[PDB]
Structures are given as structure tokens and as C-alpha cells.
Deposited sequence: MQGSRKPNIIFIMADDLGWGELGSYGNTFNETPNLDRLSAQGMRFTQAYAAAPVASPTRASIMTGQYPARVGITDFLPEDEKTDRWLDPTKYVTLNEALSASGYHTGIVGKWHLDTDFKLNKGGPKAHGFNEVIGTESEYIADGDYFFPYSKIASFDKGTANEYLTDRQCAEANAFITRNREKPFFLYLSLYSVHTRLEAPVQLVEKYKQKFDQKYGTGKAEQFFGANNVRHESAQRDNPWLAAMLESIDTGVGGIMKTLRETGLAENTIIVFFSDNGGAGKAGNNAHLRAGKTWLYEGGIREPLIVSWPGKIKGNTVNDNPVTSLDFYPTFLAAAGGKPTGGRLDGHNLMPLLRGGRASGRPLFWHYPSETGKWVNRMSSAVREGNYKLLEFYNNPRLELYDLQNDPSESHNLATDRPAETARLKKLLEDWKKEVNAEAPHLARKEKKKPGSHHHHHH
């Protein structure tokens, strides 16, 4: 009776990348099909602009600002921060207490001490830990043998990581068919350095050329070892995204062949905005590491056949904080002691209206030290206030009339500015928001 929950999170996948989100270059048929079988959110948010902090929001269901991880965890030597299993009842653990078998396939990025790994996925209670990082991922390795994933000791010659990751998801499904299960499918894709199988790269090179003219693929991308430019379409990103799409298809197949598709919930998400000179954030401002819409707005598709109406579009603000209470309602559990900063979305998923509760972000960039990106932000309705700390200033946008955040309203609407500043300052005190790292 308790539904299976499959949470599929891409890495650094931008708002503008999916077919269902307006992209005519990339091919995401299976994710488009998931979109036509589910609810697509146009204003879904990561609770942070970067990997580790967003991933902490999901597993804790607490504001990154409260947890004290607001930026990516660097190598062991550069941080005293990690997610402590003795400090939080994590999402996997709450679903265990609801009778679920729990599993993670892939990226943790919530402990970078690989000597002890006291904050690793296993230490956090996961019943199955499949292909998690065994050292600092950095630029990664998408081809077997997988240099950041020791526990993938066996694999096929030149095996592509996304393909392995999704094969492990299918297997995990097959093996645990008899009982409720939570599968956290944490893709290493589409993280730089960009790498995909040869045939897929070729396909999107040929598709690039057919569009920008013969030889243009070679032109903008041997010269390109990192496969990056200011040109919107990226054949490497496309080819990596296709590999993800096929993987989502294979998971969708496995659910039918095993007869679980009826009572299995599928979520597709991304941990932060697309990376500059790589990802497509459509008309949204900036991207990864910024609190501008491009760094925090994410594709979100929730499928639950019968319970969620297919091919629906939802325009209400939601965030990565919401998954924890939503999965706990879906699994028939209550928040046992641990406080939660998100909201159950089941009502919204079933057709209900939104409460318009304010949403908060804090980026003091403790790890990147990006002084110009150091900021805090509040969204209430269509109004978004960002507070910047280097070059101190307040910026106000109406995301309805100005989704690209191109027209600052702060001086033209001072009453709304003052009102969102109050909510933001009160929040910063509530969560004991870390001061930004400046002179």
C-alpha cells in the first residue's frame, strides 16, 4: 500500500535544458513522457545555488543556513564541515521508520573526509550504498574504471557512468520489488568536465552542424578540451543529457515489467542551476553559485499515476526543502522530533491551491569565496528581494513581469522592499545566518 519513492537528481542541470522546459536542441523524450504522465513545476527551486548545500536541504529538510552548510564541501583539508548523522534524522532514516528499504546510487557530497567518512551515506543509515564517491569528485571521471568510485570495482571496458548508475537503479528496483523502497538516484552528470560516449557526441555534433552550418561543431568544440563556449547549445551537455533521459526510460520500463509503475512515485530534479559556459538556464539571470533565478530554479517533474493528474503544469513556488515532508506524508509518517523548514506538497500535487509562504536563501560563499555572488534572498509571491554584501545593496524583482531579473525595482517600490527586508533579516536571526567572508 505504501508507495515506492524514486528521487532522480541531476548535477548542475539548468532550468533551460529539458524538452518539456522549452529546449529544441537537447532530446529528452522519456522525461517529456514523464512530464506528460505527471506534474511539471515552472518555479521549483533548489534551497541553495550549489551542490552540497542543496543536497543537505533534501536529506535534512532544513534550511542550509540553519545546518551551517551554505556552500559546496571542498577537499577534506579545506573544511571542518560535514553532515553529522548524530545531528539529523535524515530522509532515508525517516522512511526506514515508515517501513521502507532505502538505497543511494551515486553522489553524496555531504562529507569530504574519505579517511574516516563519519558523514558518508552508510553512516547516515542507507541500507544500500551503490557507487558513491570514494574521493573528492572535482572534475570527475565518467569512464570505467571510475577514478572517483572505488566501490565500482567491476564494470565493462569503457563503460559510461550515467549508464552504470541507471543499470544499478533498475537492479535495485528488481531486487526490492516485494517491499516499499526509497531510491536516491544521485547522478554525477551533468557535472564538468563534460564527457559522453562517442556515438552520442557525434549525433549532437552532426545536429549542431545541421543548425550552425558544416564544420561549426569542430570550430567551437580538439581546440576545446573542456568542451565549453558562450554558444547556448552544447553537444557534450546534450549527449550527457540524452544518456540521463534513456536511463529514466529504462527505470520507467523496469517499473512496468515488475508491475510497480502504479504505486511508485518518480521525481526528477537538479541540485542547482546550470554552470556558466556549459549549461542552459533559458532567459534566467546567471547560474550556478548565484541566488539569481538561474542558480536556484530547477526542472521538477513529479509522477504518481492516478494520485497526480498527468500533463499538468504548476506555477506555484516550491523548493528542495519540500521533498522530506512530502515523502513522509506519501509514506504515512509524522515528523518524529526533528523540525522541518519545508511543507508537504501532496495537497498541491493533487490539484490544491498554494499558501504563498515566503522562501529564503543564504549564500555567504564560505568555500567558493565568490565576493560578488555573496548574498541572501527572500521570495514572497512574485516579489524577490536579494541583499548583496560586497558592494552593499538591495535588489527587488517582479518574477511575473521580469523573470530574467533585468529591472531592479528596489527604489521604485520602497514599501515592498522594506517589507521583504524585514522578513529576510528576521529569518537570518532565526537560522543564525553565517556572516559573509569579506575584508
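Missing C-alpha coordinates mark the following deposited-sequence intervals, in order: 1-4, 226, 445-459.
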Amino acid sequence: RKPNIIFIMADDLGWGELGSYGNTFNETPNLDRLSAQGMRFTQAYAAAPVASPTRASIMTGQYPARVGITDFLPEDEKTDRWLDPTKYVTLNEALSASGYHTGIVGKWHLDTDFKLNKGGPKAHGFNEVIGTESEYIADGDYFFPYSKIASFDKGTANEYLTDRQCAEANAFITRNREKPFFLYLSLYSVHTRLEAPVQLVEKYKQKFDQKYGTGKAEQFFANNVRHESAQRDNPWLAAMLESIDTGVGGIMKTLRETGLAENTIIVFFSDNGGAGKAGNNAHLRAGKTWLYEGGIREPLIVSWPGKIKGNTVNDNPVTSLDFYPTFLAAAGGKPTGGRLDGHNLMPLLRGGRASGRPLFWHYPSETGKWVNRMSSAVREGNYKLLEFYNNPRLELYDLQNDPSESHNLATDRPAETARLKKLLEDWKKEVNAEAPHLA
From here on, numbers count along this sequence of modelled residues.
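Mean CA temperature factor is higher for 34-42 when stretches 34-42 and 65-73 are set side by side in the entry. On average the C-alpha atoms of 192-200 have higher B-factors than those of the other stretch, with 358-366 and 192-200 being the two compared. Taking the PDB entry at face value, the top CA B factor among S229, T162, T112, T326 belongs to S229. Listed residues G295, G213, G119, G131 were ranked by CA B-factor as deposited; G213 comes out on top. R393 sits in the middle third of its chain by CA B factor, as recorded in the PDB entry. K154: CA B factor lies in the highest third for its chain, per the PDB record. For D402, the recorded CA B-factor ranks within the middle third of the chain. Only modelled residues enter the ranking. Compared with the other modelled residues of the chain, the Cα B-factor recorded for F220 ranks in the highest third.
Remark: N280 belongs to the middle third of its chain, ranked by C-alpha B-factor as recorded.
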